[PDB]
Every structure is written in structure tokens, then in C-alpha cells.
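>>> Return a 3D structure for these sequence lines:
(chains A, B, C, D, E and F)
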Amino acid sequence: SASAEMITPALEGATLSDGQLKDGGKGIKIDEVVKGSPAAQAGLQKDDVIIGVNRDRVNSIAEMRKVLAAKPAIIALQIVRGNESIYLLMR
Amino acid sequence: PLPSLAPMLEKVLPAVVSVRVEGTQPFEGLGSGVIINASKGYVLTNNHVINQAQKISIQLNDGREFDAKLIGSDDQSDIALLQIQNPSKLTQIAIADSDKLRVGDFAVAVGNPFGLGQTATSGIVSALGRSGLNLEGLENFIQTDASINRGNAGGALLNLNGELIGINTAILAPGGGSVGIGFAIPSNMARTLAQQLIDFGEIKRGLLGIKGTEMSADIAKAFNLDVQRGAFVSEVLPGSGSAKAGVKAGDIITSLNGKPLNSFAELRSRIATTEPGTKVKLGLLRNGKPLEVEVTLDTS
Amino acid sequence: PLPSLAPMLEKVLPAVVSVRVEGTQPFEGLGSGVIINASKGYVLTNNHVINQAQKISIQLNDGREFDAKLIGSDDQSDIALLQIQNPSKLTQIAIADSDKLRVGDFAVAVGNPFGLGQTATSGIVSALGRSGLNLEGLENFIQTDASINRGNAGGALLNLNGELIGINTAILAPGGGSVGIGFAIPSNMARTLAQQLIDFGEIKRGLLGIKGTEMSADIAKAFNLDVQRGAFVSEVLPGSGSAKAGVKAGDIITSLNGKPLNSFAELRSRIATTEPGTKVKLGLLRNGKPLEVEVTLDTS
Amino acid sequence: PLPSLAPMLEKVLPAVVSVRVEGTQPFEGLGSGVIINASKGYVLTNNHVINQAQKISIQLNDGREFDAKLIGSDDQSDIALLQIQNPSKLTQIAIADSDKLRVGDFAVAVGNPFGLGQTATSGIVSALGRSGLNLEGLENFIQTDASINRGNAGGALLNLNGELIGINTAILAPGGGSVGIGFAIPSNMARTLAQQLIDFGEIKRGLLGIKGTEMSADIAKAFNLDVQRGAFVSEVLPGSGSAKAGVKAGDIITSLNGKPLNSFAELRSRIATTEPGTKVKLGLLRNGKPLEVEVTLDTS
Amino acid sequence: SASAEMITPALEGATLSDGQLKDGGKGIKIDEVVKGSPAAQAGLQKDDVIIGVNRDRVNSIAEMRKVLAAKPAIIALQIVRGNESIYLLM
Amino acid sequence: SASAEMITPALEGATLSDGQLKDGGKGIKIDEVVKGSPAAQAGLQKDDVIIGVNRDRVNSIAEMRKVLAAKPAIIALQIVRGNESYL
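Numbering: from 1, shown residues only, chains lettered A, B, ... in the order given. Have a look at this structure:
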């Protein structure tokens, strides 16, 4: 489980790994979040499964890193917390 | 023969009053107010003029003095309604539709600056729909360059016919004095809030159950769009009216009941005006495709 | 085709001049003035512009320069009169009736702000009969919201016909610059005092023999009265004309020459303007009963 | 029915834009600009707003955002020209003749004070040809009393027809807020400099070859002269066109092209604007004798 | 002699007594004025006799105390310095 | 050597002497100008020849003193640095 700090400053304090959804769809599962960290500030929580960045779909930490290597202005994670859909936003 | 505003100000000035407040170490404060109902003595004023008062007095511009009682108050919109005890020979203002205003219309501000007494100043409407000043929970301000100073809060903003178009609330001042940037609450929202306070004694806020942020061109360049004004939807709370209606995250609200939105705080204030149980129309754009949605309001 | 103030300002601006004062560490001061007699070169200005001058110079807006002498002055009303040596090709102002002014009339201020040169600004008449600023002995000011700054003292306040309605005399501001609250001496008092100075060289001040306080809505509640504005007489000095008339301690002054009195300061200033030996009629209120009392003034 | 500036403002407002600048500790600045060519996206702005930018962005009043590139600048006159990258559906302003302006004309200032957004204020023209403020090398300012604050530089000053008459440049403020004294570059100078920047990329300044000082009532009182406004010439640089024309030291310059000169700075700016190689008419006053002199301008 | 501060804080600095006028009318003769006291600042002087509070007549210190126990918004003292009538505002 | 300080302080630091022009006309040749003195600030230079005060024509240091005893408003000197001619 690579620490999310190295990928981007905004995800400091979040533990990300390559996991699975309830239905088998691939996604990146959030393992542990530091209280007060920017990940906690943005709304990331335990056992969240991110699905897509903007109009994309990320199935691995490497895929997310390749997407983020271009360093876009803003990030929006379609995320998955519970059986519904929420967007997030940080710079 | 010479043009002037004197003929119309003669019939209107008696409706604007001065509000004197004492309370607590004791304090004394001064503000303005507008007579809304002459028979029942209802006075519209600002909420921070009255906040910590134990005694409230009203003074007419001819010298008469009355005692007042607080009927209701709105801290989010900063609007208070007082009642005059034993009213006698009062004059009331007429209210204009502030949805028909435009930038460039002429305006008159009547108030009580620095405790000097009743004063009228003149200017134009500089802007509409101003918000984001981190002043109140609700901001849909009219901007004007009529001179507005300390003691003017609660007073009247009028057009050339002498009809109410705003309630003076705030100024932007680098050094504690007027530089020509003043803000007013539009009269439609103020009238609706005053009627709710009269009818029920407190406000019933309706909520959409949608959490979202301001739309911009930066986001439009991230979702391949053309619209740069509106509200961006991010969270749909469970079981709300919009959740039942089918509104999902990632969408953009453009028009409310067919009226295009220029801000997200604009939509917030418009929804806060609406009473719960009403059905509203949302013009939506999801994945670049437009739609029309009917929504039932909740209760806050 | 387009509306403008230029056609009437083209004829009036030569009458407003700049006043330069050198005195004594020495100081150099700046103000304005208005030419009222073109053949004799009489110039009306403020008293605190000329207060401790050792030499006075006058500049026209075309560049010509003159030396000036003080004919007389009045400290209580803050009015001074100068005469130009060897005048030639001058323009004079016409004086309007300031008793016909109303709140909402349009006004133009002409002066010399910050030593820049001749400058015109525009506004409305905000209020009438203002006092209590503790500036001079007599205060019956016109309150206007034209931009008025340092160097505008002594200068002109005009109506849309180009006639003088006031002499700019003061301002209120936390930061030292205009916020839209300026004060002017009305033209009737200034004209009367200037005529007195021309004719005799000193002011002729009349008094009533009444010492009293300002009537409020509180004193009208302790004697069970109705009118809340006027003057409350508490001392009638022995041997005065008012004593011969029959004014006693405790009554209320309501009208001067039939015109209702807005304040006690207005009564004081209007009495001080009037010439000793004149006869006035006072509308008196005693024990809830109205009366009319004829009083002959004495000399100060 | 009611008079307003709204009908004419609705057509001109899209042509005034806000200018956001990022530069270098990193800094962000804000100002305004005017669209003078819609097909090419040419934007007139102030030089000190754009000074140390690394990136420039233009934002329209409907929300669209564009990138801009500097075309040219003029530090003495403080005028900058930008081009919009990839323009689409723009509105442009119409320019008026600023040599026909008079004191008392009505004016509207459109800008972006304190970063709030597009704002309009109203006033009159207070003075013409102001200078001596020691802000730029060449000053021939229009003075106005519309409210102009921080963020207004580069924006529009318009007449009642919606035609450009000036570019807002500076203010005089004791405490960092507007007190009613603002300055604008006249539109004739601005349009000439803009054409020069478009055609050549830099300004071609012409000079006379004369060193002199301002005329006053004191110098004229020593040479027994009547005039008191104009230019007093003290040195004629050898080899110049003026020396070839015969202009000597001690002469008084009265009129340029038959139009009266009110100061040395007006003559300086008017000569600087005129293109090199052009011929000009000088009204000379030497030993009290008038002369007409033809001068051919050189290159600076 | 009676203390005037106990009657009201306004009349601090006045020495009082039940007195009589020149024509025999009963009043409140001022006997000592403290310099700098509120009584001196208001304008009370020696030998002054108060024949009124607001719209009433006070015949003794007790009656004035009874009227002032209501604590009115202001006080209006007829006094009688000289063979005349001077009002006061408290 | 006539010091210019008590003649007029505006010419302080300028050494004055009765001389003649290149054609033999009379005037005052400025022998020395002290750097930072009021004369240098006003524009006086070494070897300058003042040949006029305001409109009047002057010839000697005594004539300078007699003219400037009245203390006029402004003195517009003519002077003649090189073969050309105000301060």
C-alpha cells in the first residue's frame, strides 16, 4: 500500500490500495485516513472506493498516478461511499 | 420650473423613522427603519440594529416618539420586524417589484447618518445580484453609489416614484467612511420575509437537499461545456425532494422556474424565500444534455 | 442636444476666485471666495481662511492676480469681506432666496480643492437647518452631498440657474476626506452680514433677553404638552424688551414671524441676524394656551 | 417612462472587460480594459496594471475567459495595448472627440473596483487639462467626480451617448478611498497612441528643440506683459527645427495651430503626440510683439 | 439640616432646611453649596428657595422627597433667586 | 575678488569679477562655481558672463549691487555661455 502523499499533495494522510467493490468492479480502496489531514479535510473516509477522476475511470494506483501525472488544475473523484454517488473537489 | 426631487420626497419622508436602542456594560445604538403598515404600526429594520436591545424607541421626523416591541427577527437575512405601541397618525411606504430593476436606474437613499437626523442622498444602481461578501448567510444585494454611512442601516432605498426597492444593510469602506459602494436587500425578499413574520411569528425555510458549489469557466474547461454561470451539483442528500425527483451529482442548474441563474448564492436565497410544499422548476444540464425537472421542497 | 450644466457654468465660473493667505513659523493658506460687487471688487469668504493673515492675494480663473484688504469680518457667523485693489473687467454673482429651498433640490459646489484649481462638483440638498456641530456661535446650515474637501471653504454653492444659495463652511469625515456630508451658510444670512460690514464695518447683533434650552419630546412629557419642537425659556432677564413684552420663565416659543421654529439654535441665529431696534412677533405657548407677543430687540 | 441610464448602458457594457495579471514573491493584480476592435480583439488598458505580468487574462461580463498578449506600451503616457487570443463574438466601443468637452458635461465611469465585478458610477466633468500631479511625464488629464477606486484603472469614461471620452488613470485620495477627485487620459491622445502602437509597435515622439518653463503672473509682471498663461522659452537647442525657424530665447508661446495654450505641460503633450516631420504653427510673443512661426518637428 | 444626597443623587452638594420666604411662604432654603458638587454644577446658589418640582408645589423637604421618590425623567425647579422665577433642568 | 553671498544669496558659491566679452563689451565673468552651491543649482557655470539683469543691462559689481538692493521678485539673468544667450 503506497502512501498517497507521493502521488499528489492534496491526498496527504490517506492509505490507498488496489481493491474491489461489492459488485466486483475494480477501484482504489481507501484504507486509513489521518484525522485533520487534507484527505480528511476534503471528505475522504474509511473504506471508500474511488471510481473515476473527472470523465475517466481508474482501476489501479498506477492508473491514477498516470492520470494525475499531467497535474490538472482541479480533481473530482466520482468516489463511492455507500450505495450512492458523491463528487469531491480539491486543488 | 427647475427639475428637482423635492415634490416626491415630500410625500415619502414621513415613512422613514429613526430607531434608538439601549442595552448591555450598557450601550446605546442608532439606526433607521421603514413603516410598512400604518394601521398596525409595523416597522421593517435591520437585525443587528436590535440584537441586544432591552428597550427600543421610534422617532418620527416631526419629533414624536413611540415605544416599540420586537415581533420577529431573521439572522440569516438580517431582517427584523417591530411593532409600535399605540400608533397614531402614521404614513406607510409603497413597495416596488425589484425583479424589474436594471443597472443605470436612479436611486435615493434615506437614512440617519452619524446621528445627525434624516438625510437623503442620490445615486444610481451600480450592480445587481451581488454576494460573496461574507456578510450574511443569504446575499442577493443591490449595489449603489448613493452615500451611505453609519446609522443608515435599516433605512430606505427608493426609485424616482418614491417606492421601496431596497433596505440598506452594508457598505464597503477602507477607512470607515463612504467611498461609493453600498449594499441593500431587495424589496421582494424583504416583503416576503415580513409577511411570514407577521403571519407565523417565525420563518419556515425550505431546502432542496442539494449541496453544491459555484460554477465557473475553470470547471467548464474541465467538463467540456459552454456555460460559465450557474450552480454545480455535488451531493444529493438521501430522501430529499430532489433525490425523489431524480437529480444526480455532476449536473449543472441553469434556470430556476425559467429564470437563468447568475450565481449559486442567488439560487440559495431564492430557495430560502420559497415556502415548503411548493413545486419548482429546474433547468438542468447533465453530460452536456439539457433537461427540465420538477422538485418538491423540504423543510429546514 | 445632450443635457449638461456647461451652458450655465460658462457664465458663472469667472465670479469664483482663489484666495491665498501668507501669515505668521510662517504659514501659507488657501481658500476660495465669491465676487459680489464687480465695480468695487468686494469678495465674500470664510473667516478662518483669513483669520491670522498678514498678506492676502486673489487669483481669477484666467490667471490674473490682485492684492486684497480686509474690510471687516464676523467671528460668530464665520463670514469675512475683502476688497480688491484696482479692479478691472470683473464678473459678479447673483444671489438667490434660500428661504425657498427644499430637500431634494439640485446643487453645484464650485471651489479650489487641494490647491488644484477651480473645480465643480454636483449633488442634492440633503437637509436644512442643521446645527449642533459646535463650530461657531450661529449655525443654520444647509447640508449637501456634493464632494467638498479642504480648499473649498469660502466657495460657492449654486442652484441650476447659476445663482448663489450658499457659502461652503464645514464637513464631517473620520478620515479627513469627503464622505458626502458638507455644510454651507445660507445666502440670506451671508448677504445681510456682508451689507452690514460694507455699511458700518462691524456687525450689529440683536438679542431677546431670553435664556433657555432646546425643547425635546421629554420636556413636553413632563408638562403634558403637545408640540415637541421649539424653544423652552427658563430665564427672562430684568429690564429687557421681552420683559416689557411679558415673557415669563417656563413658556414655549413656537413661531418666529409666523414661521414655525424647527429648533432653538435656528431662533438664536435668526434673532442674531436681525438689526437692533426692530420689532418682532413671537408665537408663545404658556400653560397650554397660545399667545402672540410683540418684542423690541436691544443691542449687544 | 422614468429617466434612466439603463437603455444606453445595455449596449456598451459588454465592451468593458476585467484584466487579471499574474507576476513576480508571486503577485496578482486586477484592472480594467476597453475593447476598441472586435474583429482583432484589440484592448486598451493602463500601463502600470500590465507592467510586470508574466501571464494576462481577460474576463468578459458574461463570464467567458481568454488569454491576452501585449502588443505595445507607452510609459510616459501610461497607455498599453493588448490582443485577445482567439476572439469570438465581441463588442467594441465607439470613440468621441474629447476636444469638444466642457466643464459640466455628464460622465459615466465603468470599471472593476476592489475585485467585485463590473460596476458603473456617475458624475460630471470637473476640470480640463489638469497636470502637475507628478505621476506621468505627460499629463493632460480630465478631472471627474465619479466614484473611482482601486481596480478602476484601465476602464471606461463615457458620455451620455455611450461613447468613450477618456481612460481612467489616477485618483487623489487622502486615505485610500475615493473623495471625488479622479483623472482620465483624453480619448484623442489615447486613440493616436493606439494607432501608432498598432502600426509600428512603438511610439514616435516629436520634439521642438526648446527648453522653457511655465508662464505666470509674476514673470509677466517683470517683462511688462499682459498674458499670464502659456510657455516661456529660455533656451533654443542649436541645430533644431525651431532654431532654423528663428525662435529665440525669452519668447512667449501663445497658441498652437490657433488654439490657446493654458500651460507648458499642454504644449509638451500636444507636441509629443504629433508625428515627427509634421509642421506646426506657433504664436510667438517676443518683446511684446506678436509673430507667426512655422516649425518642422524632428525625431526624439 | 438635612442631607440632600439621600433625597436623590442629583442634589449632591446642597445643604437644605425647611424655610420661609420673604412674604412668609414656606420653602426650601439652600444653606450651603459645595464647590464642584453636582448642585453647584447645576446652578444652585445660597439663599435659594425651591417652590416647585415640575408642575407641583413643594412646601417642605418631606413633600419634595415624596415627589422625587417617583424618580421622574427630569426635574424642573421654580426656585426664587431674587424677586423672580428661574427654572432649572436636572 | 568679490564674494557673491552678501550681494545675493541666490548666487552663493559664485566668484564674481569685472571683465569683458570677446568683443570688448562689459560684463561679469564667473570665475568659479562651487559644486553644490546655490549658483551651481541655479545653473551658473565657470567662465559665464552675466550681461543683463531682467530687462536692464548691467556692467559692474557695483551696478549689480545697486540693481539688486531693491530685492525684486524674480531676476531673469540674460548671461552668454558661448556664442549664444535665460535663468
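>>> Can you show me the helices along chain A?
Secondary structure of chain A (DSSP state H): helices located at A:38-42, A:61-68.
>>> Just the buried residues of the last one, please?
Which is helix A:61-68. A:61, A:63-64, A:67-68 (16 or more other C-beta atoms under 10 Å in any protein chain shown). In short, each C-beta sits where N, CA and C put it, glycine included.
>>> ok, now the first one?
If you call a residue buried by 16+ other C-beta under 10 Å, then helix A:38-42 has these buried ones: A:38-39, A:42.
>>> in chain A, which spans are strands?
Using DSSP state E, the strands assigned to chain A run over residues A:14-20, A:26-33, A:49-50.
>>> As JSON lines, those strands with distance to residue A:3 and mean neighbour count would be great.
Shown next, in JSON lines, are these (distance: least, C-beta to C-beta, whole Å; neighbours: other C-beta atoms under 10 Å in any protein chain shown):
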{"stretch": "strand A:14-20", "distance to residue A:3": "7", "mean neighbour count": "16"}
{"stretch": "strand A:26-33", "distance to residue A:3": "10", "mean neighbour count": "18"}
{"stretch": "strand A:49-50", "distance to residue A:3": "15", "mean neighbour count": "18"}
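>>> Give me the subset of the buried residues of helix A:38-42 that also touch chain B.
Residues of those in contact with chain B (C-beta under 8 Å from any C-beta of the partner chain): none.
>>> From those, pick the one nearest chain D.
Nearest to chain D out of these is residue A:38 (C-beta to the nearest C-beta; 21.3 Å).
>>> With distance to chain B as added columns, please give the strands of chain A in TSV.
Formatted as TSV, these follow (distance: least, C-beta to the nearest C-beta, whole Å):
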stretch	distance to chain B
strand A:14-20	19
strand A:26-33	17
strand A:49-50	14
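>>> mind checking which of those is nearest chain F?
The closest of these to chain F is strand A:14-20. By C-beta to the nearest C-beta, the value is 70.4 Å.
>>> now the closest one against helix A:61-68, angle please.
120 degrees (axes from the mean of the first three to the mean of the last three C-alpha atoms, to 10 degrees).
>>> so what secondary structure elements neighbour strand A:14-20?
Under the contact criterion of 3 or more C-beta pairs under 8 Å, 6 or more residues apart in numbering or on different chains; DSSP states H and E, strand A:14-20 touches strand A:26-33, helix A:61-68.
>>> any chance of those in JSON lines, plus distance to residue A:77?
Converted to JSON lines, these look like this (distance: least, C-beta to C-beta, whole Å):
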{"stretch": "strand A:26-33", "distance to residue A:77": "9"}
{"stretch": "helix A:61-68", "distance to residue A:77": "10"}
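>>> Kindly reformat those as JSON lines containing distance to chain C.
JSON lines is the format used below for the helices and strands packed on strand A:14-20 (distance: least, C-beta to the nearest C-beta, whole Å):
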{"stretch": "strand A:26-33", "distance to chain C": "50"}
{"stretch": "helix A:61-68", "distance to chain C": "50"}
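>>> for the strands of chain A, which one sits closest to residue A:83?
strand A:49-50 (11.5 Å; C-beta to C-beta).
>>> which residues are contacting that closest one?
For strand A:49-50, contacts defined as C-beta atoms under 8 Å, 6 or more residues apart in numbering or on different chains pick out A:19, A:21, A:27-30, A:58, A:64, A:77-81.
>>> repeat that with 7 Å
Contacts to strand A:49-50, defined as C-beta atoms under 7 Å, 6 or more residues apart in numbering or on different chains, come from residues A:19, A:21, A:27-29, A:58, A:77, A:79-80.
>>> ok, that strand: who's next to it in the sheet?
Take DSSP bridges as the rule and strand A:49-50 pairs in its sheet with strand A:26-33 (antiparallel).
>>> which other residues reach the partner strand?
Identification of contacts with strand A:26-33 by C-beta under 7 Å, 6+ apart yields A:1, A:13-21, A:39-40, A:44-51, A:58-59, A:61, A:64, A:80.
>>> what about dumping the CA coordinates of it to PDB?
Taking Å, rounded to 0.1, in the frame of the first residue of the first chain, the C-alpha atoms of strand A:26-33 are listed here in PDB:
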ATOM      1  CA  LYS A  26     -12.200  -2.500  -9.800                       C
ATOM      2  CA  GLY A  27     -11.400   0.500  -7.700                       C
ATOM      3  CA  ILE A  28      -8.900   2.100  -5.300                       C
ATOM      4  CA  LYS A  29     -10.000   1.500  -1.700                       C
ATOM      5  CA  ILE A  30      -9.100   4.000   1.000                       C
ATOM      6  CA  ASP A  31      -7.500   2.100   3.900                       C
ATOM      7  CA  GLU A  32      -6.800   4.600   6.700                       C
ATOM      8  CA  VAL A  33      -7.100   8.400   6.800                       C
END
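>>> Please give the centre-to-centre distance between that strand and its chain.
7 Å (C-alpha atoms, centre = their mean, to the nearest Å).
>>> What are the neighbouring residues in contact with the residue in chain A positioned nearest to chain D?
In chain A, the residue that lies nearest chain D is residue A:73 (12.7 Å; C-beta to the nearest C-beta). Contact partners of residue A:73, counting by C-beta under 7 Å, 6+ apart, are residue B:218.
>>> Go again with 10 Å.
A:91, B:218-219, B:221-222 (C-beta atoms under 10 Å, 6 or more residues apart in numbering or on different chains).
>>> and those residues, which two are the farthest apart?
A:91 and B:221 (14.4 Å).
>>> can you pull the contacts of the residue of chain A found nearest chain C?
The nearest approach of chain A to chain C comes at residue A:91, 38.0 Å away (C-beta to the nearest C-beta). Residues in contact with residue A:91 (C-beta under 10 Å, 6+ apart) are A:9-10, A:42, A:72-75, B:218.
>>> Return the closest of these with respect to chain E.
Ranked by distance to chain E (C-beta to the nearest C-beta), the contacts of residue A:91 are led by residue A:42 at 61.7 Å.
>>> Tell me if I'm right that the closest one and residue A:36 touch.
No. Look at residue A:42 against residue A:36 with C-beta atoms under 10 Å: they stay out of range, at 11.8 Å.
>>> What does the closest residue to residue A:54 other than its chain neighbours show for phi and psi?
Leaving out its chain neighbours, the residue that sits closest to residue A:54 by C-beta to C-beta, 6 or more residues apart in numbering or on different chains is residue A:76, at 5.4 Å. Dihedral angles of residue A:76 (phi, psi; degrees, to the nearest 10) stand at phi -130, psi 110.
>>> Isn't residue A:76 up against residue A:67?
No. Residue A:76 lies out of contact with residue A:67 (C-beta under 10 Å); the separation is 11.9 Å.
>>> Identify the residue nearest the geometric centre of chain A.
Centroid-nearest residue in chain A, with C-alpha atoms, centre = their mean: residue A:50, separated by 4.8 Å.
>>> Pull up the residues of chain A that are close to chain B.
A:43, A:54-55, A:72-76, A:78-79, A:82, A:84-89, A:91 (C-beta under 10 Å from any C-beta of the partner chain).
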